[PDB]
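Each step along the sequence shown adds one to the number in PDB author numbering, with nothing skipped, and position 104 is 104.
Working notes, structure below.
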Amino acid sequence: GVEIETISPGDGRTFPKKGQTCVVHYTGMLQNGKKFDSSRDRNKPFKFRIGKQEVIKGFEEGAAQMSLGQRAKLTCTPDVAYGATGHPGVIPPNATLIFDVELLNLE
């Protein structure tokens with residue numbers, strides 16, 4: 001269940017497609033919890049492509065449903081990323097993830 005709530009501006013037509021490397025200033029957030037990740041802190045804006053199972057499923061499906069300049073608000077379900085296992089020390093088991101996603105990409 002990828003639920004998109006978009007802060008408006010952008011163009012609404014430059015869509016991410018296959019074989020495209022894209023750049024996101026993401027920001028992580030735990031539901032009823034504190035922060036755990038920010039690409040804005042390291043100032044390295046996480047160049048990545050679509051389709052090679054690099055990122056989690058909840059962030060992968062949220063990437064194609066956006067466009068350039070847009071600003072969405074993900075809500076990743078536990079069953080798509082880590083809810084059975086959980087990343088050791090960082091992500092607890094059965095966790096629901098919140099992401100502040102802005103797409104400022106190329107290709």
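Even for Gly, the Cβ is constructed at its ideal location relative to N, Cα and C.
TODO: Give the DSSP-derived three-state secondary structure of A95 in the structure shown.
DONE: Here the question's residue 95 lines up with position 95 in the sequence shown. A95: coil per DSSP, three-state reduction.
- [ ] Could you give the DSSP three-state label for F59: helix, strand or coil?
- [x] Taking the sequence shown and counting its residues from 1, one reaches residue 59 at position 59. In the structure shown, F59 sits in a helix (DSSP, three-state: H, G or I).
TODO: Specify, as a first and last residue, the run of the beta strand (DSSP E) that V23 falls within.
DONE: Locating residue 23 in the sequence shown gives position 23, where the first residue counts as 1. Segment 21 to 23, the beta strand (DSSP E) holding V23.
Task: Rounded separation between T27 and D79 - CA only - done: Within the sequence shown, the letter at position 27 stands for residue 27. Within the sequence shown, the letter at position 79 stands for residue 79. Between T27 and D79, the C-alpha separation is close to 20 Å.
Task: Secondary structure, beta strand (DSSP E): runs of 3+ residues fully inside the stretch 69 to 94 - done: 71 to 76
TODO: Tell me whether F46 is buried or exposed, calling it buried when 16 or more other Cβ atoms sit within 10 Å of its Cβ.
DONE: As a position in the sequence shown, residue 46 is number 46, starting the count at 1. Result: exposed.
Task: Cβ neighbours of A72 in the same chain (closer than 6 Å, five flanking residues each side left out) - done: Within the sequence shown, residue 72 is the residue found at index 72, counting from 1. Only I4, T6, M66, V101 meet the Cβ criterion.
TODO: Specify the secondary structure class of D100 as computed by DSSP and reduced to three states.
DONE: Translated into the one-based positions of the sequence shown, residue 100 becomes position 100. DSSP places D100 in strand when its eight states are reduced to three.
TODO: List the endpoints of the continuous beta strand (DSSP E) containing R49.
DONE: In the sequence shown, counting from the first residue as 1, residue 49 sits at position 49. Its beta strand (DSSP E) spans residues 47 to 49.
TODO: Give a yes or no on contact between the stretch 29 to 41 and the stretch 52 to 70, applying the rule of three or more CB pairs nearer than 8 Å.
DONE: no
- [ ] In the DSSP assignment, find the unbroken beta strand (DSSP E) run with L30 in it and report its ends.
- [x] Taking the first residue of the sequence shown as position 1, residue 30 is located at position 30. Looking at the DSSP string, the run of the beta strand (DSSP E) that includes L30 is 27 to 30.
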